[PDB]
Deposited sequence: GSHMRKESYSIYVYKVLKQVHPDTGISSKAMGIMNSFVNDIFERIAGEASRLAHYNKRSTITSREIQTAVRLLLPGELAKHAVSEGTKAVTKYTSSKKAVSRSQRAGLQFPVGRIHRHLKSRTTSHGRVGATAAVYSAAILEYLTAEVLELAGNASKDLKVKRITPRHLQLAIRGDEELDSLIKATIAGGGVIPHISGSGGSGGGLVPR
């Protein structure tokens, strides 16, 4: 798979969880790899589950199943909850797709990223991207939250590759998430 830039959107998320904190260029690349690698696996699994439905279209139902297969229990339950919380906010609203769903991550870009993992058969449902963006935003926020905290504990005001390692290798579920993803 070809990696896309999600850097601008990682920043926007970091502004929600740790407003006073910055992130070195090297840490950001690590974060960008993470977003892409996890998404490649979720989309990959979501795409093959889709052929089991009549319209052969990736819907949120398939994303939710992929997420529960790939993510460790608790990370899974919280991501799934945010996926549903976003689709709901989306449906019930009237007015930009990201803003409609309450999200920092770009719904349009994710929609197109999804369609590009789709097979020749293959459509992407009208809310599967809202759901995916919600998941991706959730995981990105989990890493930045922990890593920012490590940085605070270290009296620095910027996240480096060191703080990402502290956050990930010091948390049971993140560590296994990352390890599974390297075996692909």
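Do you know which deposited regions have no coordinates at all? Those stretches are 1 to 3, 99 to 100, 190 to 209, listed in order.
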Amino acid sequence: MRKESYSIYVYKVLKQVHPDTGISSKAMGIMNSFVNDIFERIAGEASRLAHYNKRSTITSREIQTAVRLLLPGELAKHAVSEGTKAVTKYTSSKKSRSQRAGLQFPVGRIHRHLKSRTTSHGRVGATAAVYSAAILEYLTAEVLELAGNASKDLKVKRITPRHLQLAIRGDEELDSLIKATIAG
From here on, numbers count along this sequence of modelled residues.
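Mind pulling up the entry and telling me whether 108 to 116 or 72 to 80 has the higher mean Cα temperature factor? On average, C-alpha B-factors are higher across 72 to 80.
So 5 to 13 or 170 to 178, which one's hotter by mean CA B-factor in the entry? Looking at the recorded C-alpha B-factors, 170 to 178 comes out higher on average.
Considering only modelled residues of the same chain, in which third does the CA B-factor of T140 rank: lowest, middle or highest? Lowest third of the chain for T140's C-alpha B-factor.
What third of its chain's C-alpha B-factors does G44 belong to: lowest, middle or highest? It falls in the bottom third of the chain.
How does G122 rank on Cα B-factor within its chain, lowest, middle or highest third? For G122, the deposited C-alpha B-factor lands in the highest third.
Ranked by Cα temperature factor within the chain, is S60 in the lowest third, the middle third or the highest third? Middle third - that is where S60 ends up once the chain's C-alpha B-factors are sorted.
Ranking the modelled residues of this chain by C-alpha B-factor as given in the entry, is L154 in the lowest, middle or highest third? It belongs to the highest third of the chain when residues are ordered by C-alpha B-factor.
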